[PDB]
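Student: Chains as they are written, first to last, in the deposited numbering: chain D, 2 to 156; chain F, 2 to 156; chain B, 2 to 157; chain E, 2 to 157; chain A, 2 to 157; chain C, 2 to 156.
Positions of the beta carbon are idealized from the N, C-alpha and C atoms, including for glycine.
Below is a structure I'd like to ask you about.
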Amino acid sequence: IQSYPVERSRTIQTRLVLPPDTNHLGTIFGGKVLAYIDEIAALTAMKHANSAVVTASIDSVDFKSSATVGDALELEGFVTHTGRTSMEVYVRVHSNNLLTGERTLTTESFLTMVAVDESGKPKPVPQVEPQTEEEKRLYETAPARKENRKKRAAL
Amino acid sequence: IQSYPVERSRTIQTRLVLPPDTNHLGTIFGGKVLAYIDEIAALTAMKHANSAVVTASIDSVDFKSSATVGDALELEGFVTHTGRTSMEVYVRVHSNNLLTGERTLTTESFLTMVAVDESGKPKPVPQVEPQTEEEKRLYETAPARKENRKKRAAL
Amino acid sequence: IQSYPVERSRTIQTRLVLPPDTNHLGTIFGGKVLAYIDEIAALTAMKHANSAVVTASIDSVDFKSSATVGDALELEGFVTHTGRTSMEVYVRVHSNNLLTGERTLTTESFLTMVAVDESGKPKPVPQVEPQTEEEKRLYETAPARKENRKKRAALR
Amino acid sequence: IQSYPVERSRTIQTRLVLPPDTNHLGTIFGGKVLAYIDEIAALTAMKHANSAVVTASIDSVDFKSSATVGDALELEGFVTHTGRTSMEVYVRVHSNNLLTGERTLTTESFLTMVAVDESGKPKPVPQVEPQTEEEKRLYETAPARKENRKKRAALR
Amino acid sequence: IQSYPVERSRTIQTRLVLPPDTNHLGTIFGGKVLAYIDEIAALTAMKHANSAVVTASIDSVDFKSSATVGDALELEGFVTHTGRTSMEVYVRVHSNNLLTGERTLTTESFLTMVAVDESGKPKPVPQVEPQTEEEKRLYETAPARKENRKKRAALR
Amino acid sequence: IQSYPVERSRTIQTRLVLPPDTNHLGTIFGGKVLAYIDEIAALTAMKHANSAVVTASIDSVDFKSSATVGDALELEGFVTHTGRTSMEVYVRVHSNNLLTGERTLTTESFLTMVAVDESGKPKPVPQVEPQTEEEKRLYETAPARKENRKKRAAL
Numbered sequence: 002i003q004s005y006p007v008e009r010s011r012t013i014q015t016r017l018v019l020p021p022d023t024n025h026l027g028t029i030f031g032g033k034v035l036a037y038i039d040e041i042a043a044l045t046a047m048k049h050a051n052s053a054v055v056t057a058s059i060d061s062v063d064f065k066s067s068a069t070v071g072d073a074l075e076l077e078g079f080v081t082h083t084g085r086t087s088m089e090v091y092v093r094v095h096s097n098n099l100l101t102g103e104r105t106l107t108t109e110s111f112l113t114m115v116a117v118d119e120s121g122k123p124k125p126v127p128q129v130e131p132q133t134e135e136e137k138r139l140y141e142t143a144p145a146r147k148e149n150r151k152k153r154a155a156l
Numbered sequence: 002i003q004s005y006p007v008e009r010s011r012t013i014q015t016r017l018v019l020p021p022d023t024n025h026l027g028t029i030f031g032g033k034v035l036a037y038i039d040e041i042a043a044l045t046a047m048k049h050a051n052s053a054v055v056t057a058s059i060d061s062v063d064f065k066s067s068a069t070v071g072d073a074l075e076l077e078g079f080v081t082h083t084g085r086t087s088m089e090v091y092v093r094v095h096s097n098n099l100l101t102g103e104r105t106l107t108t109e110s111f112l113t114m115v116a117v118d119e120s121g122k123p124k125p126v127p128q129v130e131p132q133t134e135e136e137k138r139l140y141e142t143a144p145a146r147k148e149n150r151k152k153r154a155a156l
Numbered sequence: 002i003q004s005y006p007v008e009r010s011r012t013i014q015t016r017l018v019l020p021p022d023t024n025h026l027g028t029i030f031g032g033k034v035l036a037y038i039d040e041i042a043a044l045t046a047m048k049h050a051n052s053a054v055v056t057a058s059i060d061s062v063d064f065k066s067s068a069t070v071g072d073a074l075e076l077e078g079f080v081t082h083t084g085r086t087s088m089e090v091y092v093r094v095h096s097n098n099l100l101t102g103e104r105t106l107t108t109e110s111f112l113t114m115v116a117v118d119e120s121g122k123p124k125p126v127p128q129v130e131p132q133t134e135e136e137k138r139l140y141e142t143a144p145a146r147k148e149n150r151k152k153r154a155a156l157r
Numbered sequence: 002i003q004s005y006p007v008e009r010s011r012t013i014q015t016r017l018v019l020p021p022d023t024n025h026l027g028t029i030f031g032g033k034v035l036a037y038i039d040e041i042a043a044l045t046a047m048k049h050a051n052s053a054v055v056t057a058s059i060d061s062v063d064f065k066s067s068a069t070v071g072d073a074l075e076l077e078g079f080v081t082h083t084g085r086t087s088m089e090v091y092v093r094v095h096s097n098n099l100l101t102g103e104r105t106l107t108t109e110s111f112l113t114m115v116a117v118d119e120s121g122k123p124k125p126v127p128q129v130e131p132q133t134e135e136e137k138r139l140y141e142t143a144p145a146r147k148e149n150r151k152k153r154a155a156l157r
Numbered sequence: 002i003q004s005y006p007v008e009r010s011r012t013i014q015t016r017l018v019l020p021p022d023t024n025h026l027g028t029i030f031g032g033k034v035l036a037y038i039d040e041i042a043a044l045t046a047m048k049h050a051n052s053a054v055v056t057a058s059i060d061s062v063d064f065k066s067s068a069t070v071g072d073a074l075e076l077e078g079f080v081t082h083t084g085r086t087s088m089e090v091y092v093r094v095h096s097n098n099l100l101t102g103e104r105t106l107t108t109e110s111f112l113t114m115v116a117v118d119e120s121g122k123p124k125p126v127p128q129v130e131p132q133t134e135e136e137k138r139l140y141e142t143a144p145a146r147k148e149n150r151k152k153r154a155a156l157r
Numbered sequence: 002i003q004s005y006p007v008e009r010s011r012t013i014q015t016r017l018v019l020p021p022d023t024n025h026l027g028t029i030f031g032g033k034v035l036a037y038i039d040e041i042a043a044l045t046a047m048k049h050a051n052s053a054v055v056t057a058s059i060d061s062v063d064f065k066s067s068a069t070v071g072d073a074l075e076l077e078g079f080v081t082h083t084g085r086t087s088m089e090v091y092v093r094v095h096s097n098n099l100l101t102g103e104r105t106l107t108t109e110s111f112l113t114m115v116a117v118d119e120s121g122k123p124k125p126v127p128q129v130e131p132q133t134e135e136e137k138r139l140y141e142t143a144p145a146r147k148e149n150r151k152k153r154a155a156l
């Protein structure tokens, strides 16, 4: 019955895209973006659950656009909904050209995170209070995503 | 109107899990796994389409368990189905303990890859011929997955 | 001629400390922290100037404590004071252990950054307006730091 | 003792060459190639011996050309010959341009791996039996390499 | 009361600047240079103290210029002056284009390094002896730097 | 006939062994060691020839023992002998435990480096003058290594 507002789990990350992070085209290597998402989704889940977490699954990722070298890479992740031991985490990724001002949504992800105790066994997590228009929409469309997730389980 | 067998597009990775590859929970970093998954999917798509490709969307990553330090990561990637520019890539990860002989299924993943020109625009792709029992099975329930994937996008 | 509030340049970074980030003593390798400091200072300055930046110099780094595996690294940069083409960037770093809720100030640093154009030559920067009392305090004690820093250069 | 075919020990790696993997010229860093080679040889020895392994010595690395950005690195590793507690691993590295369909032989390597116990001491290994013709010719002229290597060890 | 010549502590590092070491502006990413600096400072201090060390603070980092891809990066660190348990470490970083034979001073830095026992507690370090005229000059002007650093900490 | 002393080519490197460098066994990952040798060899060869160089071959690496975490890693490279366009490079690796005083030879390697011009074509390098006892020995035994090297190519 424990309840925290979404704002509590909110995690921001701001990176600078450098040549070691690039692919063979000129944009950021997709794999780096994923490593960032997984990291921020974990921090988000930890802030909310107050315990160690494991990524149960990633329920969706789509690359709309890609950050170029020199861009600022903005990452934002928050807990959108919960089960008893699980937490749906939403991570969105923006590219920001600080020189020209141009900013676009590049990536978007949904992850299921599970909180675990010292011995690695799943642990009850507090439920999440949505407050803003965006949050309240994502809270209500989560059971629809979980039912869709549970059917993605059949091949 | 071109068709190639699955065998053509198959790509195999075999990593050795080292301390830098690990995390605070003594096991492997899930972000490292995603990096290998994206990397091998890219190669798998490329070998099939003979061109540069981008990961359009990651559709599922199911973390069943994970490898410890000193294990061997075994990755298998192959194309399961094709549209006209898009193609489904399947990636399997195994943790293989070379001392004890114990083999474990680490994670399964489904991605959608799109071949592109040097202009960065969707490019016509060859088709895929399933052959083994596994290859046939994944191919048959490929339309059902693409329909399920469509539906997730409408919240 | 141009002015902007501190709030505009503020940059937040949150990291998870993992084994490859650690050193031979079970703490976070100090060399990683400095790298994180430099990247966020560069972002901070870029956000305020809307141009490419170069780190002119680091004026001090102060290692008070340091993060452990599993901790969260919390980094905050913002612009504290400006010159004609230069900007003082203050970066502070916090270790946050989310399991027990313990939070500790790890590092503090003052850098000076210069905005640059196509040719890498100095570019006029907008000034900065402090808002909070910590921000105003830093803006006020900033000319003293530039003086101290000037005097430090001669001492060789 | 036990005897296993070469196929059992065969290990394949395939990688995508990226800018961080490259050197100050157009191509891949030679040190990245070596790290992959040591890793694959280590994996090849383990799958065969079913124990931990150390790299006793590198006997040769022949750099013929090297992969450029966007190439796939095809790496092939297998056991060629066996001693008491030693194993000869041969590593084949290919650059494969998936666009053009151009495939070149990058490098070849011969390594000696030693199986070790919990306390890092030489451990008896199973023997290897060749099945393909190239596997046969590598097996035939194995002692001739070890004889050259022994002679090499004392030319100082 | 113990005493060692600067010469003993001196640590040399030569690196090759590769594309992963670079930034969005063509030269070496400053955050990499700082990591190298911290590392060689630790190695310098470790040689003089014969114990584990921590970077207490950084006095200054002066970026004069920066290296390009393909350059040799030359680092030199030594201990310039000591306290009860602390050591001032000076590091200078030279860019060197071997092809053209052009050597340029890239960075300078002063750090305070504290020697520590097995439980992390600061422990006494031996004193240092300046020998060359440059080493003597740095030794003579060291107290003044600590004074400037002390007054720097007060400027908040 | 152009000629420089061995000392001119000499390159020293001192790294500190951190956990990202370690392997699944407590000691330094051999791969990293190889990467360090290759680097110092290239620097050494560039310094002697005043041009870009390629690592033609590695003629031997001898692993005697390993550096452990927290050790100082000491690498030293110098040109032992020269052909027309090539340079034999000797790389010795020491692990130095700075707390205990223990220093041990962990590795030795011999590399053949080739100097190249702007467009990758080989280029004549100056001959090397040995001076120290160690230097003079390795110079006189280098043709013996050259004969053994070229023979290993036939098998």
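(1) Please check if any C-beta of chain E sits within less than 8 Å of the C-beta of residue 28(D).
(2) Could you give the DSSP three-state label for residue 40(C): helix, strand or coil?
(3) Per DSSP, residue 78(F) is paired with what?
(4) Could you list which residues in chain E have their beta carbon closer than 8 Å to that of residue 40(C), in chain order?
(5) Can you list, in chain order, the residues of the stretch 54-84 of chain E whose Cβ is nearer than 9 Å to any Cβ on chain C?
(6) Using three-state DSSP, classify residue 63(E) as helix, strand or coil.
(7) Three-state secondary structure (DSSP) at residue 131(D)?
(8) Is DSSP giving residue 119(A) helix, strand or coil here?
(9) Just checking: is the beta-carbon of residue 43(F) within a distance shorter than 8 Å of some beta-carbon in chain E?
(10) Enumerate in chain order the residues of its own chain whose CB-to-CB distance from residue 125(E) is below 8 Å, with the five nearest sequence positions on each side excluded.
(11) Pull up the DSSP beta-bridge partners for residue 1(B), would you.
(12) Apply the 10 Å Cβ neighbour rule to residue 118(F) and answer buried if 16 or more other Cβ atoms are within range, or exposed otherwise.
(13) So for residue 73(F), helix, strand or coil by DSSP?
(14) Hey, out of 73(B), 110(B), 114(B), 130(B), whose CA is closest to residue 103(B)'s CA?
(15) Near residue 15(F), what residues of its chain come up, given a Cβ to Cβ distance below 8 Å and the 5 sequence neighbours on each side ignored?
(16) Using a Cβ cut-off of 7 Å, pull out every chain A residue sitting near residue 97(E), in sequence order please.
(17) Within 10 Å of its beta-carbon, does residue 35(E) have 16 or more other beta-carbons around it, so buried, or fewer, so exposed?
(18) Using a cut-off of 8 Å between C-beta atoms, extract the partners of residue 19(C) located in chain B.
(19) Quick check on residue 51(E) - is its C-beta less than 8 Å from some C-beta in chain F?
(20) Kindly confirm or deny that the stretch 38-46 of chain C and the stretch 8-23 of chain C touch, where touching means at least three C-beta pairs closer than 8 Å.
(21) Does the beta carbon of residue 15(C) come closer than 8 Å to any beta carbon on chain A?
(22) Please classify residue 122(A) as buried or exposed, where buried requires at least 16 other C-beta atoms within 10 Å of its C-beta.
(23) What does residue 110(B) pair with, by DSSP beta-bridge criteria?
(24) Could you name the residues of the same chain whose beta carbon sits closer than 8 Å to that of residue 208(F), not counting the 5 residues immediately before and after it, in chain order?
(25) Give me, in chain order, the residues of the same chain whose beta-carbon lies closer than 7 Å to that of residue 105(A); leave out the 5 immediate sequence neighbours on both sides.
(26) Could you round the C-beta distance between residue 101(E) and residue 68(E) to whole angstroms and report it? I think they count as a contact, below 8 Å.
(27) Mind listing the chain A neighbours of residue 47(C)? Cutoff is C-beta to C-beta under 9 Å, in chain order.
(28) Using 8 Å as the limit for Cβ to Cβ distance, is residue 12(A) near chain C?
(29) Taking only beta-carbon atoms, is residue 153(F) less than 8 Å away from chain D?
(30) Is there a Cβ from chain B that is less than 8 Å from the Cβ of residue 142(A)?
(31) If you draw a straight line from the C-alpha of residue 19(B) to the C-alpha of residue 71(B), how long is it?
(32) Once the 5 residues before and after residue 63(F) are set aside, which same chain residues still bring their CB inside 8 Å of it?
(33) Let me check one thing: in DSSP terms, what residues is residue 53(E) bridge-paired to?
(34) Residue 144(F) lies in the alpha helix (DSSP H); which residues open and close that run?
(35) Is residue 36(F) close to chain D? Criterion is C-beta to C-beta, closer than 8 Å.
Tutor: On the basis of the coordinates in this document:
(1) No - not a single Cβ of chain E is within 8 Å of the one on residue 28(D).
(2) When secondary structure is reduced to three states using DSSP, residue 40(C) falls in the helix class.
(3) For residue 78(F), which the question treats as bridged, DSSP gives the partners 12(F), 92(F).
(4) Within chain E, the residues 32 have their CB atoms less than 8 Å from the CB of residue 40(C), given in chain order.
(5) For the stretch 54-84 of chain E, the beta-carbon criterion of a distance under 9 Å to any beta-carbon of chain C is satisfied by 55, 56, 57, 58, 59, 60, 61, 62, 63, 64, 67.
(6) Note: residue 63(E) maps to strand in three-state DSSP.
(7) Residue state, collapsed to three classes: coil.
(8) Three-state DSSP puts residue 119(A) in coil, outside helix and strand.
(9) At a cut-off of 8 Å, the C-beta of residue 43(F) has a neighbouring C-beta in chain E.
(10) Within the same chain, residue 125(E) has close Cβ partners 2, 85, 86, 116.
(11) The structure shown does not extend to residue 1(B), since chain B is modelled only from 2 to 157, so the question has no answer here.
(12) By the neighbour-count rule (16 or more Cβ atoms within 10 Å), residue 118(F) is not buried but exposed.
(13) Reduced to three states, the DSSP call for residue 73(F) is strand.
(14) The shortest Cα separation from residue 103(B) among 73(B), 110(B), 114(B), 130(B) belongs to 73(B).
(15) If we look at residue 15(F) and ignore the five residues flanking it on each side, its Cβ neighbours are 73, 74, 75, 76.
(16) Residue 97(E) does not reach chain A, its nearest Cβ partner there being about 22 Å away, counting only Cβ pairs nearer than 7 Å.
(17) By the 10 Å Cβ count, residue 35(E) comes out buried.
(18) What residue 19(C) touches in chain B: 23, 24, 25, 30.
(19) Cβ-Cβ to chain F under 8 Å: yes for residue 51(E).
(20) Three or more Cβ pairs closer than 8 Å define a contact, and the stretch 38-46 of chain C meets that threshold against the stretch 8-23 of chain C.
(21) At a cut-off of 8 Å, the C-beta of residue 15(C) has a neighbouring C-beta in chain A.
(22) By the neighbour-count criterion, in which a residue is buried when 16 or more other Cβ atoms sit within 10 angstroms of its Cβ, residue 122(A) is exposed.
(23) Paired residue(s): 62(B), 92(B).
(24) As shown, chain F starts at 2 and ends at 156. That puts residue 208(F) outside it, with no answer to give.
(25) Within the same chain, residue 105(A) has close Cβ partners 66, 95, 96.
(26) Actually they are not in contact, since the Cβ atoms of residue 101(E) and residue 68(E) sit about 13 Å apart, beyond 8 Å.
(27) Per Cβ cutoff of 9 Å: 17, 71, 73, 99, 100.
(28) At least one C-beta of chain C is nearer than 8 Å to the C-beta of residue 12(A).
(29) Yes - at least one Cβ of chain D is within 8 Å of the one on residue 153(F).
(30) With its beta carbon less than 8 Å from one in chain B, residue 142(A) belongs to the interface.
(31) Whole-angstrom Cα-Cα distance: 6 Å.
(32) The beta carbon of residue 63(F) lies closer than 8 Å to those of 108, 109, 110 in the same chain, with the five residues before and after it left out.
(33) Beta-bridge pairing links residue 53(E) to 117(E).
(34) It spans 143-153 - the alpha helix (DSSP H) in which residue 144(F) sits, taken as one unbroken run.
(35) Look at residue 36(F): its C-beta is under 8 Å from a C-beta on chain D.
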